Amino acid sequence: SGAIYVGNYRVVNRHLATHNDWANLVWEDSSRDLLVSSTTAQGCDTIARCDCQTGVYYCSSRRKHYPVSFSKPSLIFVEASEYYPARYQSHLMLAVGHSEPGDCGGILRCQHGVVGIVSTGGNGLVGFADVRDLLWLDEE
Ligand SMILES: C[C@H](CS(N)(=O)=O)c1ccccc1
Ligand SMILES: C[C@H](CS(N)(=O)=O)c1ccccc1
Ligand SMILES: [Zn+2]
């Protein structure tokens with residue numbers, strides 16, 4: 001689990017979104033595993049605006065942060081899970097590291113801020129849903 005809180009937005013894994021997230025839906029993309037909902041409280045998170053390929057992610061299944069190199073956001077074939085059939089997930093970044101389903105929502109951070117959230121895993125890889133292209137997360 002986990003979310004990004006920026007302005008009046010909450011960013012979550014689309015497959016972990018709650019009834020309240022869907023009741024307050026701003027934007028969702030099934031191809032990206034992202035959903036953004038509106039919040040009443042102001043979020044303080046800073047979104048990175050950059051092309052970093054190094055950062056640190058939180059891994060709840062190890063209670064640890066790990067430094068990783070990760071690929072630029074791309075269209076990656078992702079195996080079926082129970083939340084999706086096998087499909088191309090877009091805007092996905094891969095790194096070598098540990099990820100279990102409950103790790104979804106762990107933040108990946110660079111020097112500039114929040115890069116994305118854990119979305120996929122298995123075969124010793126971790127996939128992060130990029131958010132850096134969502135420039136609208138920083139206004140109204
Ligand atoms: C929020 C919606 C249904 S509702 N109550 O009409 O908002 C929802 C249904 C199933 C899984 C996740 C979310
Ligand atoms: C079992 C699934 C497979 S997938 N292809 O990543 O959806 C999963 C593993 C680890 C983290 C998140 C999800
Ligand atoms: Zn950066």
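Just the heavy atoms: all of them, side chains too, but no hydrogens, waters or symmetry mates, feed the values below. Residue numbers run from 1 in the order of the sequence given. Read the numbers this way: they start at 1 and go in the same order the structure lists the ligands and their atoms.
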Under 4.0 Å from a heavy atom of [X]: give me the atoms of ligand 2 that qualify, with their elements.
X: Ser99; value: 10 (C), 11 (C)
X: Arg87; value: 7 (O)
X: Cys104; value: 12 (C)
X: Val78; value: 4 (S), 5 (N), 7 (O)

| Residue portion contacting ligand 2 (non-hydrogen atoms closer than 4.0 Å) for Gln89 |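 It is neither part, as no heavy atom is under 4.0 Å.
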| Looking at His15, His91, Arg14, which hits side-chain hydrogen bond (donor to acceptor under 3.5 Å, both in side chains) with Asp33? |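 Between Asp33 and the candidates, side-chain hydrogen bond (donor to acceptor under 3.5 Å, both in side chains) is satisfied uniquely by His15.
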| Is the shortest distance from a heavy atom of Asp103 to ligand 2 less than 4.0 Å? |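 Judged by the 4.0 Å heavy-atom criterion, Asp103 does not count as contacting ligand 2.
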| So is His98 close enough to ligand 2, meaning a heavy atom under 4.0 angstrom away? |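 Judged by the 4.0 Å heavy-atom criterion, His98 does not count as contacting ligand 2.
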| query | Between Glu79 and ligand 2, does any nitrogen or oxygen pair lie at a separation below 3.5 Å? | reply | yes
| query | Would you say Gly121 has any N or O atom under 3.5 Å from an N or O of ligand 2, going by distance alone? | reply |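 It does: an N or O of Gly121 is found under 3.5 Å from an N or O of ligand 2.
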| request: Look at the rings of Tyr66 and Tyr57 and say which category their plane angle falls in: under 30° parallel, 30 to 60° tilted, over 60° perpendicular. | output: tilted
| Does the ring pair (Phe, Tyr, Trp, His ring centres under 6.0 Å) test come out yes or no for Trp27 and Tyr9, once each step is laid out? | CA-CA 10 Å; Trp27 172 84; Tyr9 295 120; over 10 Å; no
Report the nearest protein non-hydrogen atom to [atom]: residue, atom name, distance rounded to 0.1 Å.
atom: atom 2 (C) of ligand 2; answer: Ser81 CB, 4.1 Å
atom: atom 13 (C) of ligand 1; answer: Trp22 CD1, 3.3 Å
atom: atom 7 (O) of ligand 1; answer: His19 O, 4.0 Å
atom: atom 1 (C) of ligand 2; answer: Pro101 CG, 4.2 Å

| query | Within a radius of less than 6.0 Å around CD of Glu82, do more than 12 heavy atoms belonging to other residues, nucleotides or ligands occur? | reply | no
| task | May I ask you to check whether over 12 heavy atoms, not counting those of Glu140, lie within 6.0 Å of atom CD? | result |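 Atom CD in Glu140 is not packed in, count stays at 12 or less.
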| query | Going by distance alone, is a donor N or O of one side chain under 3.5 Å from an acceptor N or O of the other, for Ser69 and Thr54? | reply | no
| said: Could you check whether atom 11 (C) of ligand 1 has a protein contact, counting only heavy atoms that fall below 4.0 angstrom? | reply: no
| request: First locate atom CD of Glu28, then atom CH2 of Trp22, and finally report the distance between them rounded to the nearest 0.5 Å. | output: 4.0 Å
| SG (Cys50) to the Zn ion (ligand 3) to ND1 (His112) angle, given to the nearest 10 degrees |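 Once rounded, the angle between the two atoms at the Zn ion (ligand 3) is 110°.
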